[PDB]
Structures are given as structure tokens and as C-alpha cells.
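So this one's run-v7.cif, mmCIF, C-alpha atoms (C1' of nucleotides):
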data_upload
loop_
_atom_site.label_atom_id
_atom_site.label_comp_id
_atom_site.auth_asym_id
_atom_site.auth_seq_id
_atom_site.Cartn_x
_atom_site.Cartn_y
_atom_site.Cartn_z
CA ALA A 1 -42.67 14.79 -19.02
CA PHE A 2 -39.76 17.17 -18.53
CA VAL A 3 -41.76 20.34 -19.17
CA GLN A 4 -44.60 19.10 -16.96
CA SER A 5 -42.19 18.55 -14.07
CA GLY A 6 -39.67 21.01 -12.68
CA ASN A 7 -36.51 19.27 -13.90
CA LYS A 8 -33.96 20.77 -16.22
CA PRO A 9 -32.53 18.20 -18.65
CA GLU A 10 -28.89 18.87 -17.83
CA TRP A 11 -29.25 17.75 -14.21
CA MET A 12 -28.68 14.21 -15.47
CA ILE A 13 -25.00 15.22 -15.71
CA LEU A 14 -23.52 15.12 -12.21
CA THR A 15 -21.24 18.00 -11.26
CA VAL A 16 -21.40 17.60 -7.47
CA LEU A 17 -21.65 14.14 -5.94
CA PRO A 18 -23.23 13.62 -2.49
CA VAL A 19 -21.81 11.21 0.06
CA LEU A 20 -23.69 8.92 2.40
CA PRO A 21 -23.37 9.83 6.09
CA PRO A 22 -20.67 7.97 8.01
CA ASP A 23 -22.74 5.91 10.41
CA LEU A 24 -24.90 4.31 7.72
CA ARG A 25 -21.63 2.80 6.43
CA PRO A 26 -19.95 2.02 9.74
CA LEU A 27 -16.36 0.85 9.96
CA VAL A 28 -16.73 -2.31 12.03
CA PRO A 29 -13.48 -3.46 13.67
CA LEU A 30 -12.56 -7.13 13.42
CA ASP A 31 -11.07 -7.05 16.95
CA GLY A 32 -7.90 -8.57 15.52
CA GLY A 33 -6.37 -5.11 15.49
CA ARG A 34 -7.70 -4.60 11.94
CA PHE A 35 -10.91 -3.57 10.19
CA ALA A 36 -13.35 -5.48 8.01
CA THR A 37 -13.86 -4.83 4.30
CA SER A 38 -16.68 -2.22 4.30
CA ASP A 39 -16.39 -1.87 0.55
CA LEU A 40 -18.47 1.31 0.21
CA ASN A 41 -15.68 3.31 1.81
CA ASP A 42 -13.34 1.57 -0.62
CA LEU A 43 -15.26 2.88 -3.62
CA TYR A 44 -15.41 6.34 -2.07
CA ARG A 45 -11.66 6.43 -1.49
CA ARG A 46 -11.09 5.21 -5.05
CA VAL A 47 -13.19 7.97 -6.60
CA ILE A 48 -11.57 10.58 -4.36
CA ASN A 49 -8.10 9.41 -5.41
CA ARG A 50 -9.06 9.78 -9.06
CA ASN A 51 -10.57 13.20 -8.38
CA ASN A 52 -7.46 14.53 -6.64
CA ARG A 53 -5.24 13.11 -9.38
CA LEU A 54 -7.25 14.95 -12.01
CA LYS A 55 -7.26 18.12 -9.90
CA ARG A 56 -3.47 18.14 -9.75
CA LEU A 57 -3.03 17.33 -13.44
CA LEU A 58 -5.44 20.11 -14.37
CA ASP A 59 -3.56 22.55 -12.15
CA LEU A 60 -0.19 21.64 -13.69
CA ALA A 61 -1.33 21.78 -17.34
CA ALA A 62 -0.28 18.37 -18.65
CA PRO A 63 -0.73 17.29 -22.28
CA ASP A 64 -4.31 16.58 -23.29
CA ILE A 65 -3.76 12.82 -23.55
CA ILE A 66 -3.04 12.55 -19.83
CA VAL A 67 -6.08 14.57 -18.76
CA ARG A 68 -8.31 12.62 -21.13
CA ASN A 69 -7.10 9.32 -19.68
CA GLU A 70 -7.59 10.56 -16.13
CA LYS A 71 -11.09 11.85 -16.84
CA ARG A 72 -11.95 8.47 -18.34
CA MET A 73 -10.72 6.82 -15.16
CA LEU A 74 -12.80 9.21 -13.04
CA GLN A 75 -15.88 8.43 -15.11
CA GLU A 76 -15.30 4.74 -14.50
CA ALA A 77 -14.90 5.34 -10.76
CA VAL A 78 -18.22 7.17 -10.56
CA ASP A 79 -19.83 4.43 -12.62
CA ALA A 80 -18.53 1.92 -10.10
CA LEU A 81 -19.82 3.92 -7.14
CA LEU A 82 -23.34 4.58 -8.40
CA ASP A 83 -23.87 1.05 -9.74
CA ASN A 84 -21.15 -1.57 -10.12
CA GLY A 85 -21.71 -4.31 -12.69
CA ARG A 86 -23.86 -2.60 -15.30
CA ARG A 87 -20.63 -1.62 -17.02
CA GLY A 88 -18.68 -4.21 -18.98
CA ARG A 89 -16.61 -5.35 -16.00
CA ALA A 90 -17.13 -5.21 -12.25
CA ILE A 91 -14.32 -4.46 -9.80
CA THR A 92 -13.33 -6.51 -6.77
CA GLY A 93 -10.98 -6.24 -3.82
CA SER A 94 -10.39 -9.95 -3.29
CA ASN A 95 -12.06 -13.35 -3.56
CA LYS A 96 -13.11 -12.36 -7.10
CA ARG A 97 -16.43 -11.08 -5.76
CA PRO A 98 -17.83 -7.71 -6.88
CA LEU A 99 -18.31 -4.99 -4.29
CA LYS A 100 -21.64 -3.54 -3.17
CA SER A 101 -22.46 -0.34 -5.01
CA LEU A 102 -25.27 1.87 -3.74
CA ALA A 103 -27.63 0.42 -6.34
CA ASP A 104 -26.84 -3.04 -4.94
"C1'" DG B 1 -38.58 3.94 -46.44
"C1'" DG B 2 -40.94 -0.38 -44.51
"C1'" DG B 3 -42.70 -4.71 -42.94
"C1'" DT B 4 -40.44 -8.32 -41.48
"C1'" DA B 5 -36.96 -11.76 -38.98
"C1'" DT B 6 -33.06 -12.50 -36.09
"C1'" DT B 7 -29.95 -11.32 -32.46
"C1'" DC B 8 -28.44 -9.16 -27.94
"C1'" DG B 9 -28.83 -8.11 -23.55
"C1'" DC B 10 -31.38 -7.48 -19.24
"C1'" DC B 11 -34.68 -9.37 -15.72
"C1'" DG B 12 -36.26 -13.19 -12.65
"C1'" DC B 13 -35.73 -17.65 -10.23
"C1'" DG B 14 -39.19 -20.18 -1.57
"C1'" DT B 15 -39.30 -19.20 3.88
"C1'" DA B 16 -37.35 -19.72 8.68
"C1'" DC B 17 -33.53 -21.51 11.63
"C1'" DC B 18 -28.77 -24.02 13.55
"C1'" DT B 19 -23.25 -25.12 13.31
"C1'" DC B 20 -18.46 -23.98 11.61
"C1'" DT B 21 -14.29 -20.95 9.33
"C1'" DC B 22 -12.05 -16.63 7.23
"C1'" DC B 23 -11.67 -11.24 6.32
"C1'" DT B 24 -5.50 -7.35 1.12
"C1'" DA B 25 -0.36 -7.45 -0.74
"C1'" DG B 26 3.64 -6.04 -0.96
"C1'" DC B 27 7.53 -2.70 -0.04
"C1'" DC B 28 10.40 -0.23 3.21
"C1'" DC B 29 12.63 1.82 6.82
"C1'" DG B 30 13.74 2.12 11.64
"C1'" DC B 31 15.59 -0.86 14.54
"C1'" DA B 32 17.46 -4.69 17.88
"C1'" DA B 33 20.90 -7.96 18.05
"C1'" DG B 34 25.12 -10.08 17.02
"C1'" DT B 35 29.65 -9.80 15.32
"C1'" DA B 36 34.97 -8.94 13.38
"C1'" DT B 37 37.99 -5.40 13.94
"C1'" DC B 38 40.83 -1.82 15.90
"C1'" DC B 39 42.98 0.38 19.38
"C1'" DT B 40 44.70 -0.44 24.32
"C1'" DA B 41 47.86 -2.27 27.49
"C1'" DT B 42 52.18 -5.42 29.37
"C1'" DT B 43 57.47 -7.60 28.43
"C1'" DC B 44 62.42 -7.58 25.79
"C1'" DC B 45 66.06 -5.00 22.62
"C1'" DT B 46 68.85 -0.82 20.36
"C1'" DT B 47 69.07 4.65 19.69
"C1'" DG B 48 69.55 10.31 20.61
"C1'" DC B 49 69.76 14.24 23.51
"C1'" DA B 50 70.18 16.74 28.13
"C1'" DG B 51 72.15 16.92 32.70
"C1'" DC B 52 76.54 16.53 35.23
"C1'" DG B 53 80.80 15.25 38.10
"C1'" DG B 54 85.45 16.44 37.32
"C1'" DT B 55 89.19 18.47 36.23
#
Take the structure in the file and write it out as C-alpha cells.
Amino acid sequence: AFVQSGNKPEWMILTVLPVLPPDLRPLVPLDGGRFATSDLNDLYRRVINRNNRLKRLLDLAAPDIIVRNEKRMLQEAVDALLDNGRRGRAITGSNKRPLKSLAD
DNA sequence: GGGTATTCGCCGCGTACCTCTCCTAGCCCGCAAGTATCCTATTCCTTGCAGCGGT
């Protein structure tokens, strides 16, 4: 199947992650001076926080344990973004309800 | 190895509509307000030095 098609095997390992446009995930105001949940942006901010953390720690040459832990956390963040729940434990913001990953 | 049994984990479970409510938690730093305190006067008394009539 691989050789028949034009897909290299290693493309199953993500190196660059696309982001959904903004308007398809609009930030609806609640008119109480605040904003609603809009959890997709929450997952995106989470993964970006992990990414920047790892970027800094890689720049500053920390001991391998720290970078390994942070890369594990980043892997979990991407897992949450692409499909939340298929891993051992889902993540929630409140109400003990899982958020809506793209696959959901 | 190999045919078999047993277990684990994922997938699925009706349509359309109406009413209501509620939507992150915790720290922190500027900041308004309210206050107790400190310096500011007046009246009495007893000193210490510079002018000053007087001779």
C-alpha cells in the first residue's frame, strides 16, 4: 500500500503541526464582560506553552532528565489536541467533562 | 512452533421541538479611604548678653 501510493513512511511522525483557522473556532463573548469556554483554543494554548517551555530548556542546556520530562509532556499535549480520550486519561477544564478534540 | 481458549479493549446504542439556568481559581499589586501621630501655635515663669544714661 505504501509503495503503491506516494507516501513516505516517516510522515506519520509529525514535525510541523497545522492550526485551524481562527474563525472556524470563534471566540464567542458571553456579554458578561467575559468569554465562553471555546476549549479548542485552550488545547492550542496548552500545547504552545509546552512547546515554548521545551524550546527554552533546549536553548539553555538543562540535564537530560528535565528535557525528557518536558518532551513527554509535549507528546501528551499533542495527543490531547489530535484526539482526547484515546489515551489513558482525558483532560478537563471544569465540570469534570472532557474537552472537544479535533477528532471529537 | 501451533491449534486452541480466554481476556481486553474498542465500537455502537431514534427523530423533531419547547422551557429554564450556568459558563475557571486563585494570587497580587495598585489603590482609595480612614486613622493616630507629630509638629504648630497661644499663655505664665526664670536666665544671659548688648545697649546705655551717668558720672
- request: Skip residue 74 of chain A itself and residues of its chain fewer than 6 positions away, then list as a PyMOL selection string all residues within 9 Å of it, counting only C-alpha atoms (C1' of nucleotides).
  value: chain A and resi 47-51+54
message: Could you check the closest approach to residue 13 of chain A for each of A:67, A:78, A:73, A:40 and tell me which residue wins, using all atoms listed in the file?
response: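 Of A:67, A:78, A:73, A:40, the one nearest residue 13 of chain A is A:78, counting all atoms listed in the file.
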Polymer residues at most 12 Å from residue 22 of chain A, only C-alpha atoms (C1' of nucleotides), same-chain spacing of 5 or more positions, as a PyMOL selection string: chain A and resi 27-28+38+40-41+44
- prompt: Which residue, A:31, A:6, A:87, A:82, has the smallest gap to residue 104 of chain A when you use all atoms listed in the file?
  reply: A:82
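Here is the contact set of chain A against chain B, at 10 Å and counting only C-alpha atoms (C1' of nucleotides): residues 30, 34, 35, 36, 37, 86, 93 and 94 of chain A.
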Residue among A:12, A:80, A:103, A:88 lying closest to residue 46 of chain A, counting all atoms listed in the file: A:80
- prompt: What is the atom CA of residue 101 of chain A to atom CA of residue 79 of chain A distance in Å?
  reply: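 Interatomic distance here is 9.4 Å.
With atom CA of residue 89 of chain A on one side and atom CA of residue 19 of chain A on the other, the separation reads 23.6 Å.
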- prompt: For the atom pair atom CA of residue 29 of chain A and atom CA of residue 52 of chain A, what is the interatomic distance in Å to one decimal place?
  reply: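 Answer for the atom CA of residue 29 of chain A to atom CA of residue 52 of chain A separation: 27.8 Å.
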message: Between A:3, A:60, A:91, A:102, which residue has the minimum interatomic distance to residue 25 of chain A, considering all atoms listed in the file?
response: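 Going through A:3, A:60, A:91, A:102 one by one, the smallest distance to residue 25 of chain A is for A:102.
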Atoms are missing here; could segment 70-82 of chain A be completed with N, CA and C atoms and written as an mmCIF file, in the coordinates of the input?
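Everything below was put into rebuild.cif:
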data_model
loop_
_atom_site.group_PDB
_atom_site.id
_atom_site.type_symbol
_atom_site.label_atom_id
_atom_site.label_comp_id
_atom_site.auth_asym_id
_atom_site.auth_seq_id
_atom_site.Cartn_x
_atom_site.Cartn_y
_atom_site.Cartn_z
ATOM 1 N N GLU A 70 -7.194 10.455 -17.525
ATOM 2 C CA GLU A 70 -7.590 10.560 -16.130
ATOM 3 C C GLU A 70 -9.085 10.816 -15.996
ATOM 4 N N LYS A 71 -9.653 11.632 -16.882
ATOM 5 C CA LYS A 71 -11.090 11.850 -16.840
ATOM 6 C C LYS A 71 -11.849 10.577 -17.173
ATOM 7 N N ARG A 72 -11.333 9.770 -18.100
ATOM 8 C CA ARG A 72 -11.950 8.470 -18.340
ATOM 9 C C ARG A 72 -11.934 7.625 -17.079
ATOM 10 N N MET A 73 -10.803 7.613 -16.380
ATOM 11 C CA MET A 73 -10.720 6.820 -15.160
ATOM 12 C C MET A 73 -11.706 7.332 -14.112
ATOM 13 N N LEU A 74 -11.843 8.651 -13.992
ATOM 14 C CA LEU A 74 -12.800 9.210 -13.040
ATOM 15 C C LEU A 74 -14.218 8.809 -13.396
ATOM 16 N N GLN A 75 -14.552 8.855 -14.682
ATOM 17 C CA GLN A 75 -15.880 8.430 -15.110
ATOM 18 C C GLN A 75 -16.123 6.987 -14.711
ATOM 19 N N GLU A 76 -15.128 6.125 -14.905
ATOM 20 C CA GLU A 76 -15.300 4.740 -14.500
ATOM 21 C C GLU A 76 -15.462 4.610 -12.990
ATOM 22 N N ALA A 77 -14.742 5.415 -12.213
ATOM 23 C CA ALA A 77 -14.900 5.340 -10.760
ATOM 24 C C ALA A 77 -16.310 5.715 -10.340
ATOM 25 N N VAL A 78 -16.857 6.790 -10.908
ATOM 26 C CA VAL A 78 -18.220 7.170 -10.560
ATOM 27 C C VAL A 78 -19.200 6.098 -11.003
ATOM 28 N N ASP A 79 -18.994 5.534 -12.190
ATOM 29 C CA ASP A 79 -19.830 4.430 -12.620
ATOM 30 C C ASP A 79 -19.816 3.308 -11.593
ATOM 31 N N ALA A 80 -18.630 2.973 -11.092
ATOM 32 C CA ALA A 80 -18.530 1.920 -10.100
ATOM 33 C C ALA A 80 -19.302 2.284 -8.838
ATOM 34 N N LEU A 81 -19.175 3.531 -8.388
ATOM 35 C CA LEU A 81 -19.820 3.920 -7.140
ATOM 36 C C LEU A 81 -21.333 3.882 -7.254
ATOM 37 N N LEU A 82 -21.886 4.508 -8.291
ATOM 38 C CA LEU A 82 -23.340 4.580 -8.400
ATOM 39 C C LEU A 82 -23.947 3.203 -8.610
#
